[PDB]
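Spelled out from the first residue to the last, the chains are:
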Amino acid sequence: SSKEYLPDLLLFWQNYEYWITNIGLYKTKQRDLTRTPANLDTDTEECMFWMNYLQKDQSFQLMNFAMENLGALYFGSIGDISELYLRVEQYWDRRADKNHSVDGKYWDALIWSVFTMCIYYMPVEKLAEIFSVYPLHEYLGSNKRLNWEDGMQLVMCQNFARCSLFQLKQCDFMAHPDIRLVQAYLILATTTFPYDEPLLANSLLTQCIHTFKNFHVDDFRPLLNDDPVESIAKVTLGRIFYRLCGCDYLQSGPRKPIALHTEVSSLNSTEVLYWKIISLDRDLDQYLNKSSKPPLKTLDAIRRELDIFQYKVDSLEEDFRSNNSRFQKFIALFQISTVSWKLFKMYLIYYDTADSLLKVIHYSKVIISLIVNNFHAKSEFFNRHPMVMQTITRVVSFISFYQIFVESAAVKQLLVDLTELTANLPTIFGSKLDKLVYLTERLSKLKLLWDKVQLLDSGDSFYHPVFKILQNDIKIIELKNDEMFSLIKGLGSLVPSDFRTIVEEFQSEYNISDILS
Amino acid sequence: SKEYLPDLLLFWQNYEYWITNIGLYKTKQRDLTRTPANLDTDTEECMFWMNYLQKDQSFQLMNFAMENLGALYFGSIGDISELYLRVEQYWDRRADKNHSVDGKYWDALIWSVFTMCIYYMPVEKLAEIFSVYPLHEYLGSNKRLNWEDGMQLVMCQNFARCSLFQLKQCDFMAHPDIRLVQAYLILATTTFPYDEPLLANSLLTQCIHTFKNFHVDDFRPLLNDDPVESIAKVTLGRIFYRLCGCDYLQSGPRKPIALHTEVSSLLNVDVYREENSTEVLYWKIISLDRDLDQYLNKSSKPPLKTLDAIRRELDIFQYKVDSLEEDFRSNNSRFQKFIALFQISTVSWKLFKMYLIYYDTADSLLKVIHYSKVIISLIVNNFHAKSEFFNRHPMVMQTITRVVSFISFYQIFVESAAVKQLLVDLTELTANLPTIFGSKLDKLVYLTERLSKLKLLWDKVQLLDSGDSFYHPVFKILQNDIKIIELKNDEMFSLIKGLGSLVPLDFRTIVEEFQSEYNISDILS
Amino acid sequence: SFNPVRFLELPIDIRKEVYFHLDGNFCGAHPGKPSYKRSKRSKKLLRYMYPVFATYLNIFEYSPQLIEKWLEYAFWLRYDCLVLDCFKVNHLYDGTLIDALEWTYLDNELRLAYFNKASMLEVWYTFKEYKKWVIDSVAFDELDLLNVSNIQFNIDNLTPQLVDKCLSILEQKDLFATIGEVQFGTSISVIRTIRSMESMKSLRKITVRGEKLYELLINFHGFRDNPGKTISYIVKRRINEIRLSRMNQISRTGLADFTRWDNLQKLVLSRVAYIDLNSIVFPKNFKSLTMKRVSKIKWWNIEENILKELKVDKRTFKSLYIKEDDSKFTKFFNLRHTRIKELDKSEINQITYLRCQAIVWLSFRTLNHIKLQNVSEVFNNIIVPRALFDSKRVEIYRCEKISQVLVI
Amino acid sequence: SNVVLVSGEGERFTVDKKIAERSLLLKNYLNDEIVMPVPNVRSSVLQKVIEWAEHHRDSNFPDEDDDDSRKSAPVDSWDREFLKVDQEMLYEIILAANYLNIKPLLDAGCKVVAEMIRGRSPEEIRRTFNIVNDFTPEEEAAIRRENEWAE
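Cut-offs used in this document
Residues numbered from 1 in each chain as written, not as in the entry; some residues may be left out. Chains lettered and ligands numbered in written order. Heavy atoms only, no water. Residues with missing side-chain atoms left out of burial classes, pairs and counts. UniProt positions renumbered as here; feature names shortened; annotations may be inferred. Helix = DSSP H or I, 4+ residues; strand = E, 2+ residues; numbered from the N terminus. Core = buried A, V, L, I, M, F, W, Y, C linked by side-chain atoms within 4.5 Å. Buried < 20%, exposed > 50% of the residue type's maximum accessible area, 1.4 Å probe, protein only. Contact = heavy atoms within 4.5 Å. Nonpolar A, V, L, I, M, F, W, Y, C, P; charged D, E, K, R; others polar. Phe/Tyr/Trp six-rings, centres within 6.5 Å; stacked < 30°, edge-to-face > 60°. Domains from an automatic or database assignment. Buried area = accessible area lost by both parts, 1.4 Å probe. Salt bridge = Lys/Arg side-chain N within 4 Å of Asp/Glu carboxyl O. Polar contact = N/O pair within 3.5 Å; in protein donor to acceptor, adjacent residues only side chain to side chain.

By the method listed in its record, cryo-EM, this PDB entry was determined to a resolution of 4.0 Å.

Naming follows the PDB entry, where chain D appears as Suppressor of kinetochore protein 1 of Saccharomyces cerevisiae. Its UniProt record gives chain D a comment under Pathway, which states: "Protein modification; protein ubiquitination." UniProt, in the comment section headed Sequence similarities, describes chain D in these words: "Belongs to the SKP1 family."

The name given to chain B in the PDB entry is Centromere DNA-binding protein complex CBF3 subunit B, and the organism recorded there is Saccharomyces cerevisiae. Check the Subunit section of the UniProt entry for chain B; it says "Component of the CBF3 copmplex, which is formed of CBF3A/CBF2, CBF3B/CEP3, CBF3C/CTF13 and CBF3D."

As structure tokens, this is what we get:
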């Protein structure tokens, strides 16, 4: 036909984008509330069964690892970890106590949350000497031969997070909201855990907001008339706010109605810009309910300030024993590539500008080049850091939805290299990675049914099945995330032209209920 | 002359907020290193409190609740008989160990109902139902004392804290549901927020995160919508207005995430008038009250048209209190008009008080005497026979705080005629309060006689003047105690504790003498 | 025999309410001869006390009795402490009781005159003579009451040369932030003040009289391409109130639209022959709309919508559904002229009932204040919800011909 | 059906249950014969109040929020001379009606006290103009010295 198909779908693609690739496949668990049991059984005793694998030199070697590598992760809450060394030997002596303090097992909860994140960046050989496989397989007991490249590097991390959070509920932070709730969350929720538990992590960040903004601090700048303790404490507290509100963005959605990302408006050395990129990231996206398409005058301003953004990181020169440095520039280059690619998608989707395609294709080349250097030797663990499972979701879902209705010549080639590099991702993401691969196959067979059945139109209104499938997709994600069903089970006592039958050859075959759990 | 009166009562506003509403209820600053962690023994005691309650005791407690207290659960649960069905399912339910989430949220609700029912429960019926001993062969501190000597108070405390532990046991933190909020609203009419402010504020933040994650704004039922969803919508709305009402009574600087974004008489605020009239008038009164009382910390002054408008809808509410259906034998109806008369006296009393502080308009002393007179009139008419439990609502610990601290600050500087008589009858009836409030009641009497001792230091020590301002030891210590509540409720100190290693650190003779003999840093407990 | 030695030591509410009864007529004496004066020595009075009273009051240039009054009268009424005390008390309200304070240009200092009801001037001040004692003796030190922005502009009595002279005085000396509202009543006067309305930063409320200017200045009515005569959109986000005084029929073309003016909040309307409210598109939020002394009412045309979504006849809608109750509440207000009608609690209850409130409240479109004064010639029967007849945001004071008002 | 109240110095006034309703701030006191204090009004002042309330209990009193029947109303034929007793008793009457929250006598005394201002001559404006030192003395010298010449 004519070129009239493109804005009808591409301005429905984004409403599909934020309703599939971000909420239904990440940030919802449908829960039947007449399923889960009490927690005095099966949720206490096995935790103090999962303490016992940790002994002295193992945790000490873990700390020996955790210094020379992670200078964009630990520095949000620590500085130097000599405080951690001292605090873990009074931990090691504090295990001999019976009725403990509050502050002491807060320190226990924080160091358990340190190990929880710290083992989740082990390449598997050093965790092969620093653990043994055999003592665990008796109560979970699925099988006995499987090794750490499957299963245990997920569930061991999940239950390290579970023991940390168990000392948080056990010391009852709701009566003693000390700050260390917040830098518990900051170190801990780096890992997959918000994706595994959205509903826990959302309310626990709400308690973290209660912990923070009940300090009433607005003055953050350094001073001259006060004791140095105030200056260094404020140095720590400001950056804790910065990374808190960044991780508040990365978790944000409609399953969290308390925000502090609204309380910041738009416009060592490296940690100050990790919030500036996210600060320019918010207003690229918050246009779904806001049906007003963005005027261009914003986008080019962002476009010029990115040029100074890779002006400054050009001026950074690294140390080559400090793998600290490779990690921090890996976050840096991947973040600027993320926002740049994401804004060029907006350029191509509302203005359809020429030369935007070629820069998108070269701007999906940067992220894959960055991945292909960091596979060979002693460089593998950067890929486990979870911004990537955002952007690979966006790049695969967008490039697939651009090849289903428009054939581009070499962009099939990047699609097949991109969906094979999807298949060679580290296993630590697990179920969500498999979930994405299933969705990719769904869109490919959607492309097949696009070329196998063609359009019917009588007036000026489209009738082809694919559009009805995606409308059904959004409608059922709405009907399942309708929470007033959860309300009426809350009160509980009140009891809870060819388009005839040509969807159940598809929606009964891949239902959309193979996303939720 | 009397030139202290303008620059006095404004500083009384600053004191009236920052002692009688945060320094005496919302301060529970403890140290952390001393405080023992719950590992066990806050677990194991209340299976012993479970089987201490038997079945017919629960049924007669429910008969108590349906017959007379019928103005507190009606904002939460409506009908009574479904909870008869539900306690039937609980007395069949306990014999399972793998209890589901739904039943144990249901027990969250029904323990909240017994906790709220034992708070208001008169001792003459409670003594002949329960027995005194098995508590005291659990814990030995005293051997011989009846319920009214503090056992009702600790029963309410333990009931509440391990109903909350049962919520902890069910992990509310991933399973939001409306019955957590309904458990709060039935528990908000106990004094537990006064006993534990930090716990109640954190779990009200989870009440807010429960509710506002439902994204319901309009609470009228639509046309294109299910009948069962319509009734669910209207009951959701009644829950919202009662939660905002019980959120204001808690409010202060200890929650930074507050719900209330409405208006009543303005002439990011969102909504206004989403229900007609059954019990929404309560929130109307409270919204009048918040417009009066935001100025307690605000340094500005009220324009008179606002307070004239408040006076106007008090003339309206003077008949909206009466226009409820009169029920001659129903005594929950007289509980409701007790509630309504006491609110419309309470807010208007602070209105006329604010008239006196800033604008000094006609009769604005003798009016305040008239309204304190009618408050004490209500308290003495509800005192004779079969009608005693009304005075246990935790607002009458607020307004008596308000009135006593005002009139005792009136007689320190101004020696008027009959207000001696009103103060002596007010302190006489303060000593005749119902005997459950415990520490806060006696410590209010401590503060009362503190300022009564300050009365005798007024007219003994003379004045010193700097040309325009009087200098006087009272004029020093009355800002010193505000400064010490400043220092106590500022939590930057705790951040110096929680981080790092370094720790922080003839007027005079009578000033720190009266500091040492009558310290104020004692509400810490 | 009044004395003003006292009567600044009355209570400030009584000093309000005596001035509440004293609107702009603070003094009362008000009803071939070629302008013989018959004044003894006054030939230099009419140079500098009647050059401008002749222009503003030309009805009484003849004046068969009152010729000598207003010359010698307002030598001191701008310094009498009672009227100056009125301008003490009503700044302390930020102008609620009797505002009526506009700008005039005359005698080359821009006198901030005040007029009465009959548009006869009384009192005048100039700028640094006004905010030296009239303001600072009520506001002591604090800085929010030292902002006056309730001063109208009101070009219907200034001849146009006075108008475009009093525009160009605020450009070089920045008094534009002071200006409050502006009254109107093609006309050559009104267009000057709107293309001279670039940035005042201080407009709240608007009054326009008559049909012909209302059709071209407030209604969008589809058209958005006016070359000159901008109503520019930067200052379009400022307004709160719309006033219409006298009309014939508000929608003579087709439609009384306010697709723009999204921040509007109150609409007062006045002595107007025709209103059909379906012609008003009712912008996204305004909680108050009112009218006074109206003479033809069509009243949303939605009672039959209730008739058709409850699926009965009008006669059956009347003969058994209405029972004429008066339980306890409605004896409180008088309203002996009105017959309130009420729906039922038994034959429809809990269902087929709140949907009726849904049909009412989809039409009422987020408003609550109605304030209907004197009525005549209603056509469609008046319907109010429970949520607005209780708690008295409905009020009909002098209700002369009205019956079958009904509350749901 | 006979209710009483006590004055400023203390006297007994039986009225009736329905004549007493015009004090709405007595109707906040009849939530419950019953006594009521008004300590700032003397005997004869409220004797005037009770005679007013007794004779216009025989009539209807309008909506008290409209600015139409307040800002322009007849005073009465009766209330002209029975509220024209004296200058100073009117102040005691209007403070008393401010107490008892009977708005119509408050406005009816406001009618007569309004009349004693609309109609004061321009020759006390000659002299009673600077009772309170508002302008500093140089400019009330000045105000006569841009007005040296008309008298």
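K.L.:
Please set out the overall build of chain B residue by residue, giving values where relevant.
P.N.:
Scanning chain B from N- to C-terminus turns up 22 helices and two strands. Judged by the C-alpha coordinates and their principal axes, chain B covers about 80 × 55 × 55 Å.

K.L.:
Can you lay out the nonpolar core for me, pointing to particular residues and giving the numbers?
P.N.:
Of all hydrophobic cores here, the largest spans 142 residues; its most connected members are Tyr19(C), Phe87(C), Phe184(C), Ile275(C), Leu289(C) and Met291(C). Looking at this core element by element, the count peaks at seven residues for helix 3 (residues 87-100) of chain D. In contact with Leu289(C), other than residues within four places in its own chain, are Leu267(C), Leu277(C), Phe282(C), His369(C) and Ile370(C). Listed in part, the 126 residues of the second largest apolar core include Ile110(B), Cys162(B), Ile412(B) and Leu478(B).

K.L.:
Which residues make up the interface of chain D and chain C, and what are the values?
P.N.:
Listed per partner, the contact involves 37 residues of chain D and 42 residues of chain C. For the side of chain D that touches chain C, the elements supplying multiple residues, two or more each, are helix 3, helix 4 (103-115) and helix 5 (137-145) of chain D. When the residues that make up the side of chain D that touches chain C are grouped by side-chain class, the tally is 18 nonpolar, five polar and 14 charged.

K.L.:
Please set out the packing of aromatic side chains residue by residue, giving values where relevant.
P.N.:
All told, the structure shown has 95 aromatic pairs over all chains when counted by the stated rule. Considering the side-chain rings of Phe344(A) and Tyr363(A), the 5.9 Å spacing of their centres and the 40° angle between planes classify their relative orientation as tilted. Of this pair, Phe344(A) sits in helix 14 (residues 323-350) while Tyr363(A) is found in helix 15 (residues 356-363), placing the two residues 19 residues apart along the sequence. The exposure class assigned to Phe344(A) is buried, which follows from its relative accessible area of 12%. Note on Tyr363(A): relative accessible area 23%, which makes it partly exposed. Summarising the aromatic geometry, the rings of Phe333(C) and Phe389(C) are spaced 6.2 Å apart at their centres and angled 90° between planes, so their arrangement reads as edge-to-face. Here the residue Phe333(C) occupies a position in the loop between helix 11 (314-319) and strand 8 (340-342), and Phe389(C) occupies one in helix 13 (residues 386-389), the gap between them amounting to 56 residues.

K.L.:
I'd like a rundown of the domain arrangement of chain B, residues and numbers included.
P.N.:
Residue and element names in this part refer to chain B. According to the domain assignment, chain B consists of domain 1 (2-27 + 278-525) and domain 2 (38-277). Contacts between the two partners involve 31 residues from domain 1 and, on the opposite side, 37 residues from domain 2. Interface area lost by domain 1 to domain 2 is led by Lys 26, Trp 283 and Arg 290, which between them contribute 20%. The partner of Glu 491 in a salt bridge is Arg 254, and the shortest N-O contact between them spans 2.8 Å. For the pair domain 1 and domain 2, the number of links is five residue pairs in polar contact.

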